[PDB]
Amino acid sequence: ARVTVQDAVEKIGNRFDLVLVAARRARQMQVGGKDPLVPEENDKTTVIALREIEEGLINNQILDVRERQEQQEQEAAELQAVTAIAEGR
Amino acid sequence: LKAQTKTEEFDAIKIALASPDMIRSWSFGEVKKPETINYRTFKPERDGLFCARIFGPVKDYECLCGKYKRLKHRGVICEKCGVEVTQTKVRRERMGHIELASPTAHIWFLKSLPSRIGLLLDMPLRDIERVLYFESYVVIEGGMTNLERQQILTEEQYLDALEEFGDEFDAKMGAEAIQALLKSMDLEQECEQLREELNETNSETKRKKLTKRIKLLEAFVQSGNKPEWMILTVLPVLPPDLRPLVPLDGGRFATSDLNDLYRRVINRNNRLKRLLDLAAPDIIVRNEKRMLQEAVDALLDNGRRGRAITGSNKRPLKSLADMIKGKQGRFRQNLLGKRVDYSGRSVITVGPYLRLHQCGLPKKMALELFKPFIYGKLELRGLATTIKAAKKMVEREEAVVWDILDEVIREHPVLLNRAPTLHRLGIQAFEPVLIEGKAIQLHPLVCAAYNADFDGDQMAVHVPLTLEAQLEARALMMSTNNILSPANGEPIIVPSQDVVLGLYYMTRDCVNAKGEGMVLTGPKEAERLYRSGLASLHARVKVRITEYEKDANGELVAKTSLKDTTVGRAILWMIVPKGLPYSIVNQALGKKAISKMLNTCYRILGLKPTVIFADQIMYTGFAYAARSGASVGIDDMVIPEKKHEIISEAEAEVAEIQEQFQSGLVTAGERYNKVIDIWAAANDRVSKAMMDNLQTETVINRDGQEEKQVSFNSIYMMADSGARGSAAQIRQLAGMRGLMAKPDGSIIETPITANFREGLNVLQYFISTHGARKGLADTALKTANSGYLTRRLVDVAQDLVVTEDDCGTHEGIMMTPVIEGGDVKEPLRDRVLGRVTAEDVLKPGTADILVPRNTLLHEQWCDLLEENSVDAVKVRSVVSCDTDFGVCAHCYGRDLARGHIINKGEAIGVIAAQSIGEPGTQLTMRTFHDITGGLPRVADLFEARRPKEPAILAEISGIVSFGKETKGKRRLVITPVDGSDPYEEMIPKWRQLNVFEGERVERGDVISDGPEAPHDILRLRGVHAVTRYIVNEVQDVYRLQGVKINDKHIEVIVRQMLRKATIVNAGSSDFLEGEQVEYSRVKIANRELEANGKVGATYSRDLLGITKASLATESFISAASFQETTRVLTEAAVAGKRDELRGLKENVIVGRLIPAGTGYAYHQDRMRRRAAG
Amino acid sequence: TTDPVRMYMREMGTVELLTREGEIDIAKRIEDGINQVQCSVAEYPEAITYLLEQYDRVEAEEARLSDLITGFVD
Amino acid sequence: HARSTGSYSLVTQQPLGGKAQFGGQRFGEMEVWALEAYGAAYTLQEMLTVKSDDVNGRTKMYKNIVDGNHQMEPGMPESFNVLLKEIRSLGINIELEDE
Amino acid sequence: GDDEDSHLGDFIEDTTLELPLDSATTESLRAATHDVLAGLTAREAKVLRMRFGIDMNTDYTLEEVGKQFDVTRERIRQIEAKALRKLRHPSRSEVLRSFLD
Amino acid sequence: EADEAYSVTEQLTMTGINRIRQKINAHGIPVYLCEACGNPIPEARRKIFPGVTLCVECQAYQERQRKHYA
Amino acid sequence: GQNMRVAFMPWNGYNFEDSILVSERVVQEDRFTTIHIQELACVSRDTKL
Ligand SMILES: [Mg+2]
Ligand SMILES: [Zn+2]
Ligand SMILES: [Zn+2]
Ligand SMILES: [Zn+2]
């Protein structure tokens, strides 16, 4: 999806929401939070995200869903720890 | 939950008056001395305009005296000198104050055009100014005596008035008096007074002036301000570093002009404090006061006095007001515009080897531009120990870095921008390709959009820094994403000149040449035949081709045929992608036919295939252009064999009309216009003579006898193809070059009989001079004129954004072909393409739904329409859209560089203006042609200017007649059958009337002739009528000039023209006020089923000219950008106006996300968080 | 009019210049005026004893001779 | 000419030619309408915030750039910060409301 | 010149400012010093961090440092020199060296 | 660039001349009585100008009068 | 200036608008090579320090 973006513009209609959704994805990867869901051709995270929009593995729904999942993945680890803030009682 | 305190990301902004106690809240010490710095140890003197105790340390985190120099000590106020040690930033943030002895009038609320201090007391200005310089005493709360509360007395009068009533009546003079009036004055009390007088005395002379005050008062009450505050007790001082005293080289100093001003104010104030303890005579303490009132005014806004000059320097010194104001408004937001990091420029050159999505960027430039990126990637991969090493590495230009730069360059767009940024295509995003050389290489197809030639023009580069900016520049600004003009859905990336001359020569045929008549298996072997010199490029040939047509249900059908073509056209088909027909390349391919080809490719295969196709077109056209060896020599410009004949004939025609003039058969002015025709004719004979000779006279033979065909002469191929030059310009090379005219316009009676292939002689050139010089002169000014028109249009649009998806209104405008007298000056298909239907369209027969309600009319629909005899269609337009505060996606249309419907958030107001304002360069600013037609004719339209001698229209239906007589104006009386008759308007009977005097006339008929004012058409004929008047009469000028601007744009401007309305009933609004139909439309809905019917209210749409419409803006920050700044703030500060941002202009000012495009998401998501919990 | 230079000139133009004698007419009232308070000050009991305590401060080295008097009548 | 990061004007913390490594290109009004016609909301902010006027933002950015994090922590342009003070030093109380 | 709204003050550059390339390296000089002092012995870190103002207010006289360890005097004066000596040659020397211009 | 300046000139020149040209019309045919004042129209004016309605006297006069007010 | 052998024809687009296409023989012949003289000055001043 380097030359034209048209194929991603179909998967999200706005053409604007694309830029924002693809960015929120690109930062998950550039700031090495995650690893790509599609073969990285030494393309930077700009296009690597855009490739994922075309192939249909990343959209606003998924990211909000994937985000909301980690919120509870990390909540579980701290569970036995943040509970030890019974010092307030 | 807890609110907040410290620096949040603010929204909304408030402006107001400053309480004297309020100014003290900001101050961190009173500046008490006119001292600056020491004269030896250039330290700041405590405590004066520059000071550490009050404002801040002279060097970072270091006490002034030097006791505490350790960076650990911060919150320390040194026991020596009261100097807290923090950043020097606070010498740019911290304010201070001066306490004034006597009150002093704030020159803005006293002298901004409508004096605020004036009409708040209902007191004249020349009287107030009289009180201030102690010319006369003025009463204050005159009590039960002899004197009005605001009456003014003279010295000799006040004394005599005093002898009678000692106390129980008081008068003062000077600033203290005004301050007393405002303090004592009760608005609430005076508000009740003004309410009775309105209803009691019924007068249009009286209650028109009365009402204008009462609303102005209760504004100031509900504001929050206190009238006393317009008289200054406390005066703030501007942080030192914003008016600095920095050193220069050679040891000489430089300083701001505010310093001379602020100094003089401090001195005169101090010298007055002294005079009060010396008990000086009134004649002096007055004079001192007068000087302070002057020095304050020269500080605030110098120029509303006598213009205080700077020390020893003739120039006047720049005041606070002069520091905000400018040309136009705030300098900072005006172009330019702020310099910007990560940028550069140089000369641009070509590079046909580019793909359309890239550009040639000098090695040297890319190194300096991406410097932080290289420092990063270098230490990321471990090639540098630390950033300081990376600095030295790229400084050393070690060869290792080049390989790094190519990494950081790859998927990282840059922005290219060329000189006058006219439409959004003036900035475009490319992928950078490293270049040895110091010039930028610019893909040739984009040259059209930039209006770039290569006579040495330079372009700028910009690096998208943030991740957002890369994806913004890649999905919106990239070259390949914007190939369609936003003005007219047609491709703007059409092949320019060299490249089209290429294809033309290629897909062209001659009568007999190598390869004549053979047959070949397919395109592949047609090239094989040519490259080896066996076949001629242009020879008539049957070849097997396989074309495709996706005519199935979205499915590709293949067709193979032995098509009758030429070798050239065969080879070319190897480019054309899939679903196009072989018919499209079977022709001759001129510039005209070559762009329609690109168009159909877009509307059938989509963006992606068109882009890569368009590249191949350029690459191939260039290649074969070189092979062709087309050139131009002297012998190419073939003169007609008959030229000298044609001259002597029209030369004898003047000799006929001459004989007749001398013999008085014809008159003198007659003879001039006679000769000018017989010359003007001969030029048309010489022109279409050579053009018959030049066009076809290559006469060549095929096996049999003789034959003739379109010429292959070099200079012809250029014009016929459309690569450059037209039979018009050619007419000056071979045939004679017209008659010229001096700047006057009065065309000279002895034409240029010579042409350019011949010499011109002395006189002929000298005559050619005038037209040439005025030509350059004109287009020099035509540069300024384009710029101003587009600027006004965005000021009145701008803030308009697509907001809703579908407002759900069934209303719209009726689209028909334009049919301007002759035949079909513009087709119906064009007017309706990309627009959405108001209501379902029926066949000529009915029960038959062709297009069902609102469907986006793309290319198929437009033909299924044109298949039947469909004659007119109603379409939703921006002028009709029920959505308030914006435009719903449906009512707009589709247009973009992309072919789908306009997206939510796209900022269509701006893009409308640009599209209209860009071609303004191609329109004439003269006048052309009783009727007019040119670029100022456009502005006159957008400005709603009523014309010189208007026509007048039937104000109501019914039978008319004349009454009374010739009193400068003869009364015309319309009388309807049912309704009231009362309309009698007095018409000047010395303009020719057209009304039949005893006939019934439909309201909105022509009662005289001549142009009519758009203000009428809206009022008498309807919102949809006036909107149709503008769009057709403006498009007439553009369409006369060959400029395509889809009505869509002109319509959005029209919307902003009738943003406002005036009321006619009552209940909850002001009966007569003018306001946006938006606020009404929402609020008659908020009364039709809400509170009371109240009543009401009915309104009336009002046509505002663009310049006047833009002048009214909700955001006061926006207004201070382009309006007069002094007035805007003053008018706004008394009102306590709150700006919520919301618009575009202001958010750019304050440097946050534009409330459109990508930001629309954020602003929308944040605006709802407001007015909530 | 406006600009202060004019309206000062006019404000002081009313007051008429003194005669050779009229200079002393006002000069005399000045002496009379000051003298009246000089006699009003001399009459005050606390004003007397104060100058005693303040002089007793100068001989005990708690002031200086310059701090209190500027010479006498002689 | 080309400039990554260079000199900044004292009065306005704005890219300025000082050592002939010349000031960056000026991005005037018309070039802003260009970005406004696209959706280029961030490209515009960065253009007249961290790339120029934001005394705090520019360094926060450059540090982020070399850390390999493409972001912006913008805040407020000093050009507007001076207007607030310039207005506030007239008799006008100009505040930033709310939250 | 030009009469244009180019004014003298518009060219007066700021000299008190700290250009990022330097603000960059300073944020990175802390990094190198910190890692160099942890890759030392914990006593040589407390000793060196103390002789210089390194993440502490003021810096301390070498005697002040001795009493704080109970083994005092000439003792501390040698630990310093060896710690510097340690950070002097390579593996260690490489990184800090590059900060010099 | 600059080319357009030339282009501009040509369009202007053409328009001015054209207006002038039209002010002569074409194949006309009619009578001989002057519409203003009835004076004899000679066939010379009829054959030089097809459709002439103003005698040589009036074809000056009016022209002359317009000049005066300029 | 210096005159040279010039031939009018499209050369694969390397003269698209008014751009010019030049043979190496010219830069090798140092013939449109141009000699420039800049004046750079150093000043010893007196500052407060
Ligand atoms: Mg040019
Ligand atoms: Zn101190
Ligand atoms: Zn709508
Ligand atoms: Zn006559």
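Protein chains in written order, with the entry's author numbering: chain R, 2 to 90; chain L, 8 to 936, 1133 to 1376; chain Y, 94 to 167; chain Z, 1244 to 1342; chain U, 512 to 612; chain F, 4 to 73; chain H, 797 to 845. Here a beta-carbon is modelled for each residue, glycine too, at the ideal position from N, C-alpha and C.
{"Item": "Any heavy atom of ligand 4 closer than 7 angstroms to the beta-carbon of residue 74(F)?", "Value": "Residue 74(F) lies beyond the range of chain F shown here (4 to 73); nothing can be said about it."}
{"Item": "Are the CB atoms of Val-241(L) and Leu-126(L) nearer to each other than 8 angstroms?", "Value": "no"}
{"Item": "Please classify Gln-75(R): is it buried, with 16 or more other beta-carbons within 10 angstroms of its beta-carbon, or exposed?", "Value": "exposed"}
{"Item": "Taking 7 angstroms as the cut-off, does the CB of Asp-460(L) come closer than this to any heavy atom belonging to ligand 1?", "Value": "yes"}
{"Item": "Beta-carbon within less than 7 angstroms of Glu-1289(Z)'s beta-carbon, same chain only, minus the 5 sequence neighbours each way: which residues are those?", "Value": "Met-1315"}
{"Item": "Nearest chain U C-beta to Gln-1256(Z) closer than 8 angstroms, yes or no?", "Value": "yes"}
{"Item": "What are the residues in the stretch 311-324 of chain L lying within 9 angstroms of chain Y by C-beta distance?", "Value": "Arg-312, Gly-313"}
{"Item": "Report yes if the CB atom of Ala-182(L) is closer than 8 angstroms to the CB atom of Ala-112(L), and no otherwise.", "Value": "yes"}
{"Item": "Which of the three DSSP states is assigned to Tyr-555(L) in this structure?", "Value": "strand"}
{"Item": "Between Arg-25(R), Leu-19(R), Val-4(R), which has its C-alpha nearest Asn-1312(Z)'s C-alpha?", "Value": "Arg-25(R)"}
{"Item": "Can you say whether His-104(L) is buried or exposed, counting buried as having 16 or more other CB atoms within 10 angstroms of its CB?", "Value": "buried"}
{"Item": "Which residues bound the alpha helix (DSSP H) around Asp-1143(L)?", "Value": "1138-1145"}
{"Item": "Could you tell me which residues DSSP puts in a beta bridge with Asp-699(L)?", "Value": "DSSP output for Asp-699(L) lists no bridge partner at all."}
{"Item": "Name the chain L residues whose beta carbon is nearer than 8 angstroms to that of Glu-104(Y)?", "Value": "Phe-141, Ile-290, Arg-293, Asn-294"}
{"Item": "Taking its Cβ as the centre, do 16 or more other Cβ atoms sit within 10 Å of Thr-428(L), making it buried, or is it exposed?", "Value": "buried"}
{"Item": "For the stretch 804-818 of chain H, list every residue whose C-beta sits within 8 angstroms of some C-beta in chain L, in sequence order.", "Value": "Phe-804, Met-805, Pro-806, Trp-807, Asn-808, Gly-809, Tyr-810, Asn-811, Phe-812, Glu-813, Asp-814, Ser-815"}
{"Item": "Between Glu-677(L) and ligand 4, is the CB less than 7 angstroms from at least one heavy atom?", "Value": "no"}
{"Item": "Could you check whether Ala-904(L) and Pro-493(L) sit closer than 8 angstroms to each other, using their CB atoms as the reference points?", "Value": "yes"}
{"Item": "Report yes or no: do the stretch 629-638 of chain L and the stretch 502-513 of chain L share at least 3 C-beta pairs separated by less than 8 angstroms?", "Value": "yes"}
{"Item": "Look at the alpha carbon of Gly-115(Y) and the alpha carbon of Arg-122(Y), and state the distance between them as a whole number of angstroms.", "Value": "11 angstroms"}
{"Item": "How is the beta strand (DSSP E) around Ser-34(L) delimited, first residue to last?", "Value": "34-37"}
{"Item": "Nearest to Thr-1333(L) by alpha carbon, out of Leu-120(L), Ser-34(L), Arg-1284(L)?", "Value": "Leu-120(L)"}
{"Item": "For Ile-1190(L) and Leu-1175(L), what's the separation of their Cα atoms in angstroms?", "Value": "7 angstroms"}
{"Item": "In chain R, what lies closer than 8 angstroms to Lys-9(L) by C-beta?", "Value": "The premise fails here: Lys-9(L) is roughly 18 angstroms from chain R at the closest Cβ pair, so nothing lies under 8 angstroms."}
{"Item": "Can you list, in chain order, the residues of its chain whose CB lies under 8 angstroms from that of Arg-1173(L), leaving out five sequence neighbours each side?", "Value": "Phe-1165, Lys-1167, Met-1189, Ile-1190, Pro-1191, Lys-1192"}
{"Item": "Please compile the residues from chain L whose C-beta is within a distance smaller than 9 angstroms of the C-beta of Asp-516(U).", "Value": "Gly-333, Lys-334, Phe-338"}
{"Item": "Name the two residues that bound the continuous beta strand (DSSP E) containing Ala-467(L).", "Value": "465-469"}
{"Item": "Consult DSSP for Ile-601(L) and reduce its assignment to one of helix, strand or coil.", "Value": "helix"}
{"Item": "Could you check what DSSP says for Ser-568(L) in three-state terms: helix, strand or coil?", "Value": "strand"}
{"Item": "Check whether the Cβ of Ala-543(U) lies closer than 8 angstroms to any Cβ atom in chain Z.", "Value": "no"}
{"Item": "With DSSP as the reference, label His-1227(L) as helix, strand or coil.", "Value": "helix"}
{"Item": "How is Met-1370(L) classed by DSSP in three states: helix, strand or coil?", "Value": "helix"}
{"Item": "Beta-carbon distances below 5 angstroms to any heavy atom of ligand 4 define the shell here; list its residues in chain order, please.", "Value": "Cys-37(F), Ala-39(F), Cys-40(F), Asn-42(F), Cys-58(F), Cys-61(F)"}
{"Item": "Going along the stretch 27-45 of chain R in order, which residues come within less than 9 angstroms of chain L, judged by CB to CB distance?", "Value": "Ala-27, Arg-28, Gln-31, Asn-43, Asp-44, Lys-45"}
{"Item": "Quick check on this structure: which residue in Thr-528(L), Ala-730(L), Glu-562(L) has the alpha carbon closest to the alpha carbon of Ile-552(L)?", "Value": "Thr-528(L)"}
{"Item": "State the CB to CB distance for the pair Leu-532(U) and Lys-398(L), rounded to an integer number of angstroms; the pair is presumed to be in contact (CB under 8 angstroms).", "Value": "6 angstroms"}
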